Structures are given as structure tokens and as C-alpha cells.
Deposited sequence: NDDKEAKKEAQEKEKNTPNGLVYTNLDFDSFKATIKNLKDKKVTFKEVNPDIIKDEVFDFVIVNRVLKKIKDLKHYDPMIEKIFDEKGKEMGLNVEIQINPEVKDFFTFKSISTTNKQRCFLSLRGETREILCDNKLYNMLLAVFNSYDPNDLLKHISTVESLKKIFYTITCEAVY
């Protein structure tokens, strides 16, 4: 339940850390929330549109051996497979904010929305 801040110093085995968070320029732009779980877990939240609060969020519940990843748009949360494709795309989004080229950011965020709207949870029958 405690929401520390350190992530630039210490190290993790946690995939989402050593593959997205640490690889993002200026985390504080996206007003990150990071908490410690009991010590066996990490619960991460990043705003995708920091300007409009909780409009578009990325959430990652990490545990000892398991990770669960969720895109959330206007209050509707969808789970998505935690994999490279997602890590990358997430980096494309967050690493794309440049004041001298907002339109580029605009687009890649739209790219992620598309992914959001395109997610289906399927089984092999």
C-alpha cells in the first residue's frame, strides 16, 4: 500500500521495469504511480494523457513470477498480453513526447487507442 518513488537507483527482476519504465525519458511527465506490494510485487500506473487525468492509463500489476497488463480508456479497462510488441509500443508512446512536434505524440497515442479498441480475449475451442 506504500507508494514509493525510487526506480532510477535500485534494480528489479520485474520485466516492465527493465524494459519500459527505466527506458522512458522523463517518467514524471506521465505522472507515474508506483507502489510496493507487501516485498514481492510492483503495482504501476502511468497516465497516457497526463493533461486529462485518468482519461487514458496504462496499468501493470507485477508479482513474484507473474505480470498482468491493462490499458484503460475513459474508465473502461482492458487486459492485454504483456509481451515485446506492447513494451515497444508503450515506449513509442511515452518516448514520443516532444514540445516541438506535438502532432507526432498525438498520433502515436492514437496508435495505442487503436490497440485498445482492437483487443479481444480469446480461447482455443
Gaps in the model, given as deposited-sequence positions counted from residue 1: 1 to 46, 85 to 89
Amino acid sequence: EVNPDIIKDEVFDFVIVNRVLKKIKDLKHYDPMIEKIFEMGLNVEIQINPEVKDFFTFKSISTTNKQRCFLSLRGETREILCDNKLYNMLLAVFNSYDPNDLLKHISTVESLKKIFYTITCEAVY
From here on, numbers count along this sequence of modelled residues.
On average, which has the higher Cα B-factor in the deposited entry, 75 to 83 or 24 to 32? 24 to 32
Averaging CA B factors per stretch from the PDB record, which one is higher: 6 to 14 or 107 to 115? 6 to 14
Highest CA B factor of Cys69, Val44, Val93, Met40, as deposited, is found at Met40
Checking the record values for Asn49, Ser60, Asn100, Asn65, which has the greatest CA B factor? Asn65
